[PDB]
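Chemist: Got a structure for you, written out below as structure tokens; questions coming shortly.
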Amino acid sequence: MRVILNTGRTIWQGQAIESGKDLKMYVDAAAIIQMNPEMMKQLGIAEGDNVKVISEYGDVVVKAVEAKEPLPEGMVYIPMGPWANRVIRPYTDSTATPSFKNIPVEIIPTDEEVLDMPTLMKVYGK
Amino acid sequence: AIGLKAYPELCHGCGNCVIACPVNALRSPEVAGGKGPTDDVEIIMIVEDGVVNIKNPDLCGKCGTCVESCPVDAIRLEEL
Amino acid sequence: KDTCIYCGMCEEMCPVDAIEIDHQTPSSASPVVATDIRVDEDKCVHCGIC
Amino acid sequence: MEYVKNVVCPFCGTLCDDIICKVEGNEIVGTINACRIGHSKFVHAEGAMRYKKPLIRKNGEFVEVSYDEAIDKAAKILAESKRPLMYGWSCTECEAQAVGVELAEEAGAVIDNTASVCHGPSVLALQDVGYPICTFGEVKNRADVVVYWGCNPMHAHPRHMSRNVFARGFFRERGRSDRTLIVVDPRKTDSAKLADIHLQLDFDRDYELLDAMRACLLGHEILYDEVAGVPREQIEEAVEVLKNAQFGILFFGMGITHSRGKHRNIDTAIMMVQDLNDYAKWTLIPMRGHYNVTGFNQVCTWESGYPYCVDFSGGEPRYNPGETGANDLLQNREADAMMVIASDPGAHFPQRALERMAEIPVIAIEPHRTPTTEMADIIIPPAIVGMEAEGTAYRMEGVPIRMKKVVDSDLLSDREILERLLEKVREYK
Amino acid sequence: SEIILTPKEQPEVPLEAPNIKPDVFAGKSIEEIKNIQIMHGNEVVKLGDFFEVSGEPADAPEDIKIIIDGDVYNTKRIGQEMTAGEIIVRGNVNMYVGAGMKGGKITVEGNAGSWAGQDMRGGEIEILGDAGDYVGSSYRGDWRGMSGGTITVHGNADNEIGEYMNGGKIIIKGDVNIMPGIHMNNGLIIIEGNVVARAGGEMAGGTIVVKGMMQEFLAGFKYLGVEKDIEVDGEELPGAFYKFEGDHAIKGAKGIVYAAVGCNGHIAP
Amino acid sequence: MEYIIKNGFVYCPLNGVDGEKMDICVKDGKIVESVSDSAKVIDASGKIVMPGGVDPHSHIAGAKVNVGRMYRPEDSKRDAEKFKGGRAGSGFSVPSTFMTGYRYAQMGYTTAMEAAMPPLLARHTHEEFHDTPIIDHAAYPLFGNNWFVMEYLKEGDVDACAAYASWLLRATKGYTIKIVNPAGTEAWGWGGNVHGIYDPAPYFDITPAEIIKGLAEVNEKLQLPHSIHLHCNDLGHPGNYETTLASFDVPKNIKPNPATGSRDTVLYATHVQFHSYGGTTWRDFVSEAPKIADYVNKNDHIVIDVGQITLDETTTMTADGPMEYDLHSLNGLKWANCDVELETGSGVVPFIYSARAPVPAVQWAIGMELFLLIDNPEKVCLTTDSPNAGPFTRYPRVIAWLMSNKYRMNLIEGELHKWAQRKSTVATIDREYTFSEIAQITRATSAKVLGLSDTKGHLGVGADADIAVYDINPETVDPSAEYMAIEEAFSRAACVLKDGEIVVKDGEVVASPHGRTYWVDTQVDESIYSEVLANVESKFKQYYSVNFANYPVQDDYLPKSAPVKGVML
Amino acid sequence: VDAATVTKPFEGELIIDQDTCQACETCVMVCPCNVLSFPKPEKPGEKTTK
Ligand SMILES: Nc1nc2c(c(=O)[nH]1)N[C@H]1C(S)=C(S)[C@@H](COP(=O)(O)OP(=O)(O)OC[C@H]3O[C@@H](n4cnc5c(=O)[nH]c(N)nc54)[C@H](O)[C@@H]3O)O[C@H]1N2
Ligand SMILES: Nc1nc2c(c(=O)[nH]1)N[C@H]1C(S)=C(S)[C@@H](COP(=O)(O)OP(=O)(O)OC[C@H]3O[C@@H](n4cnc5c(=O)[nH]c(N)nc54)[C@H](O)[C@@H]3O)O[C@H]1N2
Ligand code: SF4
Ligand code: SF4
Ligand code: SF4
Ligand code: SF4
Ligand code: SF4
Ligand code: SF4
Ligand SMILES: [K+]
Ligand SMILES: [Mg+2]
Ligand SMILES: [Mg+2]
Ligand SMILES: [Mg+2]
Ligand SMILES: [S]
Ligand SMILES: [W+6]
Ligand SMILES: [Zn+2]
Ligand SMILES: [Zn+2]
């Protein structure tokens, strides 16, 4: 399903980054995708099911979660972090600032696993 | 037996409730002005360790102002 | 606007919706059912119904 | 258990200076007044890595070294680079930031802070059209219309509303009840839940919406009967609310700096605020993110004349956001070395930038384990500002508040590390 | 007189070479040209470190024709502030090609980075490929932008082309992204392809013509009607155009936007 | 160390020296009787020796200055510099801090004062000072729109206001009581202003006149070295000369009582050019500078500085919030603003003073009238309200204008709009300043009025070794016909000593020591002081956005503190 | 037009301590008769009864 990806802060992601990016707390709070209940029905997923997110700029796997902050129709929300930054638009339009918000992506269910923090960074072949 | 009741696991520690409370405001000019108390004062609740923490519930008049100032239902008036 | 009692009949009957009234719920601090009335003379066609 | 009162919180740009720290045995074990985020930074969470000592990677596994050796390796990298990038700065104090500028001159580096992924667009906007602001106390004591445009303070500046909206002020003694609260956001945020008016506009259409508001303000009819998903009549009503304010404040954040148009969204927000002053007193404040992102832009500006994306490659300072920004040098593959201090670009830059950080030497002045330290070749743990070290920080509207040293640490401070690093870079030339 | 610069392998750390212009080459032998200063990161280097040099010299800039016989995708500021002569680049260029030039002609047979013709005062720039952002723009903070000259992009360009324009002419034969003519005060912009959004945003004056489709426009423009077969600054465009005046978010604004009737019916109120 | 400056023509007006061949002897930072003959000799033969220049009014450190720096990258691009041994910098009209210090020294200035410091933002001013080389300095806290000041004076409580000032001066490490548009900037907190000195701001119900007179009493009860520093109401308005004359009279019956120094005047009025306008609108606008000059001549309670228009593209930055908005509304250029809680306001707008334009042409003439029609140079200081009327790097051009009526006539008969002749008298004035009178208005008058003439503004024994040598031979050079030689020789000093150390040689900076921060230490009755400090902290808890404990400037920000004593118990 | 007539059950007095009131608006919301309200200042810098 083609949706609009919005990204940004949550109080839980804020608590997680100041505790430690290495903790499971961070994966549970930033490796997620908030969706409206009705969008989860049309796609056949429930809370806890994992989602494959593909864009023109990359791909990532995140855990689906009902949004306590309701979204407009067609929009999803992934909190700021390395998982969200797999798929958002990098180009800055000659301002230095990447397009972190409102990016067309494809979302589909997946039995694949969510990568933890050290493992996700391996995709960049350091 | 309606009284104040916190849900610290939902709370952002944002302080809206502490400031809005007329009892807290009457007792602390700092609170009245949107600040956390620095002077030692006895008020209904504060944010402690990052979450709302009821300290002197006997002073609560169950008016519901704090409840209406919280968007995440982390503080409520109900049966205890 | 002093004589006006804000009954709202002109506003309903204007055939071109040229009259607007700023309605409100009264309060002890503002004990009136409206704060203003205006005629948009760009819309008014001077039929005299009001 | 010593109680330390009047502590300045080192997280967000609200820069609360009323924190009370619970100190049990040279350790911070709890707080008062701090929000859930602020409390998290003051207190160590069990299991989380706090780097005790410097590190250097050899075979994908790090090896502990001394400060001198790690600083020597780092100074070697910077001194032989031809386009080195020194990025971050926003979560450390201003003296460390000032050494950084002198180091950037010495190394011929590009020095840039987190503004270039945050309110840099606001910086570009204000350079073109201006910057009409006030300090928090003015909002508290005068404001009767408060607007959060494209920000979610409940989640990103948690005590901001309690300190500025629910707070009772001299001419606003009824607190929340004396203020009209407006939130503009495509989502029903927890901030929008508290608002009197929620403009739930279409995403990426703020610029269009503000064009209609500005044109309506100057007496012009709105061409379209719906703009940004907002009906024409509702736009005119919103503009009337702003015109009737006795004192209006426009807070704004990433919803319009990151979204389509970027700096031009802020541009047009600023010009509306300016022109509102013919009808009502109006100002704006950008919701600066980190507790001292504003401080780096202050320091850099007054030392070099420019606020961020500053290139010293030619000796003279030169400035071109879109070229000399951190993401520009990485995505165009210009930079051959990256020094990261008090920031986590590994977590918070896009993949195209991360692709370049994997190809170049990366130095990280970082106390914790992050995605950046995973991409790093040297790690240098510092003392944490506002907990273990002091120095100036700047609140989001420019108020300088001195961070405080609550506990002692065997670790070096940012300022110390950079001062030694600077000395070694001079040498290697 | 033709002087050939043949690029060696371009470095990952870009070059800045504003001294590549007839004004500097004039009066100099082939060997002196090789010793010309360019920047390589935080290092000053010689032009001959990255270019072979040949041809015949000349005393006057009008008479020099610089040919860059290769791709210099990572060379910035070619032809900056040149006043006479000609530069032909048989390949791509990086940023600031022709920035601030007062005369002469520059031809880029490939693509150009952002700020092509920034602060142009006069002369011609012709880009046969695509361009980036800020074709013919101003510099940050300065409300006085391009004041003369002509720029032509045969391919596509991106954002904010013509930013703060105050004279001259920009022609994009392809498409542009958003905000062409932002803060435009004067001059003429022709886009023969499409615009995504925000044409004329906050313009105070000048003229913008879109021959393709504007996907979105702006509520601050007043609709003036239709004109057929119009001619702006010596440029004639047949067919009918919708005519708009704005941007009336700006005080006293006199800008004009023309949009071909064929592809913009949805834009009319 | 030891130094001796030989055979230079000395100009020191505080010690009656008018171009006398004379050697100056320096040791360990002071000017001394003599020295051993192993002293390093500086041949000033055929050259002019003056004291180090003392700028009483410049905008060089703090929040409003840095906004102008930040939001004008194009000003930086116009003028970016980097010389070996120095820090990088940029900014034509709003230079960066290192550049600021370098450029003051090059033209022979060793001391300059930051003119408008918001108290809550004091840490910012001092931090920029630390990155400002060579010059000694001080900052003026703003009082004329302060809520405590207005509340206390309206209560009739001058004593409590004096104790508040004592605390604020110490807490911000400030030096003078600066007054900018009294009451009007508070009125700008609601988008308004005041008009005249009898028009109060909302709620506070106290007139500008009461603020001026109340604050002039405070100043002398605290025995401060400087007087009140007044920027009058109605700046830049046709017909404001009447407001300005009434403002000057308000405190003239108060007697000056400085505890340190030789100040004998109770009112310092800054950039008076902007306050000398006749007419009623811009169309009947005329110069009233002769009436202002006449008042200055006939009265002995006032010192002024001019605020000369340099006729450049520059940046305006003042604590006069509403005036700056009005300026933006006139020229349309980018406008910055900052209302500071309980304390003050500010605003920043670029401005172009073209010589071809009528009003800037008259404004240029008004400043020239003030310089030349005020007989006694002991009452005037050379300024440009830097950068409001022009950057301080233009002071050598102002000097050249004053020493040469040929330079002036060149401008008047060429570029200058004809309104300079039609609406002013500048063209009928052929007076030319002398090297002594130039020395008076660039060093001596300011040093004395600031209370620093014991150590600054003079070359006599006992002063600090702040010395400038200019490559001008007064026996050879004609200042009237060779005005360009004057301007250039005053722009690039042959040699400059800062506390006995050479810091400039032939216009070039060769050393960058940090300068001193002068501030005012005063003592007040413990009982009053305690009562005020209890009320202040109580108000911080209620209305400030910061906790009282965090407000005062910590000593870390004054590495080189230089306290100056006022009243003592 | 003085067409409505009302009589009340109780007689009494209302007394408000403005300095104790912290303007939480509870009583305003509670009052079933719309007696109590928060006046808005007419002019900037003007203060009202709390
Ligand atoms: N918890 C937490 N708090 C933090 C941080 C953190 O990492 N975590 N970091 C700090 C930093 S660095 C910063 S910069 C601040 C940022 O604080 P905010 O500025 O609040 O940043 P975001 O939450 O990313 O985005 C705010 C809102 O923009 C909205 N938005 C998205 N697209 C659009 C649009 O097109 N129009 C409009 N009007 N709105 C849109 C989103 O729905 C979102 O709710 O937070 C700071 N505080
Ligand atoms: N998808 C998406 N991506 C985004 C955003 C978004 O909205 N969406 N927002 C962007 C924005 S606005 C920003 S600013 C960035 C976030 O910017 P970052 O700077 O990456 O945010 P943090 O993760 O808080 O990084 C601060 C780091 O400094 C460390 N630190 C804390 N105190 C100190 C100290 O005293 N000294 C030193 N040396 N280090 C210290 C912390 O442990 C932490 O790892 O994210 C950006 N990326
Ligand atoms: S309770 Fe609701 S309101 Fe009081 S703090 Fe926790 S969140 Fe903020
Ligand atoms: S209920 Fe009314 S009183 Fe009890 S706490 Fe919440 S607010 Fe203070
Ligand atoms: S005017 Fe219209 S509203 Fe007022 S009274 Fe007559 S009719 Fe009713
Ligand atoms: S005259 Fe006819 S039209 Fe004009 S207002 Fe009255 S009613 Fe409406
Ligand atoms: S708001 Fe920002 S600053 Fe104040 S506590 Fe919460 S986190 Fe720390
Ligand atoms: S408002 Fe009504 S209720 Fe709330 S405090 Fe004042 S009086 Fe008590
Ligand atoms: K922690
Ligand atoms: Mg510009
Ligand atoms: Mg600058
Ligand atoms: Mg103020
Ligand atoms: S940030
Ligand atoms: W940020
Ligand atoms: Zn002034
Ligand atoms: Zn001034």
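Protein chains in written order, with my numbering: chain Z, 1 to 126; chain S, 1 to 80; chain B, 1 to 50; chain V, 1 to 429; chain W, 1 to 269; chain E, 1 to 569; chain R, 1 to 50.
Idealized CB from N, CA, C, for every residue including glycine.
Please check if any C-beta of chain S sits within less than 8 Å of the C-beta of residue 22 of chain R.
Modeler: Chain S, which has a Cβ nearer than 8 Å to the Cβ of residue 22 of chain R, makes this yes.
Chemist: Rounded to a whole number of angstroms, what is the C-alpha to C-alpha distance between residue 508 of chain E and residue 420 of chain V?
Modeler: About 29 Å.
Chemist: Name, in chain order, the residues that DSSP records as bridge partners for residue 86 of chain W.
Modeler: Paired residues: W:65, W:105.
Chemist: If contacts are defined as beta-carbon pairs under 8 Å, then residue 54 of chain E and residue 111 of chain E qualify, I think. What distance do you get, rounded to the angstrom?
Modeler: Between residue 111 of chain E and residue 54 of chain E the Cβ distance is about 5 Å, and since that is below 8 Å, they are a contact.
Chemist: I'd like to know whether the C-beta of residue 29 of chain S is nearer than 8 Å to at least one C-beta of chain E.
Modeler: Chain E, which has a Cβ nearer than 8 Å to the Cβ of residue 29 of chain S, makes this yes.
Chemist: Any chance the CB of residue 400 of chain V is under 7 Å from a heavy atom of ligand 7?
Modeler: No, the Cβ of residue 400 of chain V stays beyond 7 Å of every heavy atom of ligand 7.
Chemist: Over the uninterrupted alpha helix (DSSP H) stretch that includes residue 316 of chain E, give me the two end residues.
Modeler: It is not in any alpha helix (DSSP H) - residue 316 of chain E instead sits in the beta strand (DSSP E) that spans 313-318.
Chemist: Report buried or exposed for residue 288 of chain E, applying the criterion of at least 16 other Cβ atoms within 10 angstroms of its Cβ.
Modeler: Looking at its Cβ environment, which holds 16 or more other Cβ atoms inside 10 Å, residue 288 of chain E is buried.
Chemist: In chain order, what residues of the same chain lie with their CB nearer than 7 Å to the CB of residue 471 of chain E, ignoring the 5 residues before and after it?
Modeler: Excluding positions up to five away in sequence, the list reads 47, 489, 494.
Chemist: For residue 76 of chain V, tell me which candidate among V:399, V:368, V:361, V:376 has the shortest Cα-Cα distance.
Modeler: Considering only alpha carbons, the answer is V:361.
Chemist: From the DSSP output, in three-state form, read off residue 44 of chain E for me.
Modeler: Residue 44 of chain E: coil per DSSP, three-state reduction.
Chemist: Would residue 228 of chain E pass as a contact of residue 169 of chain E if the rule is Cβ separation under 8 Å?
Modeler: Cβ atoms of residue 228 of chain E and residue 169 of chain E: not closer than 8 Å.
Chemist: Measuring only from the beta carbon, is residue 163 of chain W closer than 7 Å to any heavy atom that is part of ligand 9?
Modeler: No; taking the cut-off as 7 Å, the Cβ of residue 163 of chain W has no heavy atom of ligand 9 nearer than that.
Chemist: Use the C-beta contact count for residue 261 of chain E: other C-beta atoms within 10 angstroms, 16 or more gives buried, fewer gives exposed.
Modeler: Buried: at least 16 other Cβ atoms inside 10 Å.
Chemist: Below 8 Å on C-beta distance, what does residue 26 of chain R contact in chain S?
Modeler: Within 8 Å Cβ-Cβ: 22, 63, 64, 65.
Chemist: Between the Cα of residue 195 of chain W and those of W:168, W:121, W:81, W:259, spot the shortest distance and give me the residue it belongs to.
Modeler: For residue 195 of chain W, the nearest C-alpha among the options comes from W:259.
Chemist: Just to be sure I understand the criterion: a residue counts if its Cβ is closer than 5 Å to at least one heavy atom of ligand 16. Which residues meet that?
Modeler: Answer in sequence order: E:115, E:385.
Chemist: Answer yes or no: do residue 18 of chain B and residue 36 of chain B have a C-beta to C-beta separation smaller than 8 Å?
Modeler: No.
Chemist: For residue 167 of chain V, count the other beta carbons within 10 Å of its own beta carbon; 16 or more makes it buried, fewer makes it exposed. Which is it?
Modeler: Buried, by the Cβ-count rule.
Chemist: Report the neighbours of residue 85 of chain Z on chain V: residues whose CB is nearer than 8 Å to its CB, in chain order.
Modeler: The answer, in chain order, is 347, 348, 349, 350, 351, 354.
Chemist: Could you name each continuous alpha helix (DSSP H) segment of 4 residues or more that falls completely within the stretch 111-156 of chain E, going from the start of the chain to the end?
Modeler: Within the stretch 111-156 of chain E, the complete alpha helix (DSSP H) runs of at least 4 residues are 122-130, 147-154.
Chemist: Where do the ends of the beta strand (DSSP E) carrying residue 497 of chain E lie?
Modeler: Segment 495-498, the beta strand (DSSP E) holding residue 497 of chain E.
Chemist: Within 10 Å of its beta-carbon, does residue 139 of chain W have 16 or more other beta-carbons around it, so buried, or fewer, so exposed?
Modeler: That one is buried.
Chemist: Quick check on residue 151 of chain V: does DSSP put it in helix, strand or coil?
Modeler: Three-state DSSP puts residue 151 of chain V in coil, outside helix and strand.
Chemist: Let me see if you follow: with CB-CB separation under 8 Å, is residue 33 of chain S close to chain E or not?
Modeler: Output row for residue 33 of chain S: interface = yes.
Chemist: Is there contact between the stretch 6-20 of chain S and the stretch 59-72 of chain S, where contact requires at least three CB pairs shorter than 8 Å?
Modeler: Segments in contact, yes.
Chemist: Residues in the stretch 33-44 of chain R with C-beta within 8 Å of chain B's C-beta atoms, listed in sequence order?
Modeler: Under the 8 Å Cβ criterion, the stretch 33-44 of chain R contributes 34, 35, 36, 37, 38, 39, 40.
Chemist: Where do the N-terminal and C-terminal ends of the alpha helix (DSSP H) with residue 106 of chain Z fall, by residue?
Modeler: Residue 106 of chain Z -> not in any alpha helix (DSSP H); beta strand (DSSP E) instead, spanning 103-109.
Chemist: Could you tell me if residue 11 of chain E is buried or exposed, where buried requires 16 or more neighbouring beta carbons within 10 angstroms of its beta carbon?
Modeler: Flag for residue 11 of chain E reads buried.
Chemist: Consult DSSP for residue 132 of chain V and reduce its assignment to one of helix, strand or coil.
Modeler: Strand.
Chemist: Can you check whether the C-beta of residue 99 of chain Z is within less than 8 Å of a C-beta belonging to chain W?
Modeler: Cβ-Cβ to chain W under 8 Å: no for residue 99 of chain Z.
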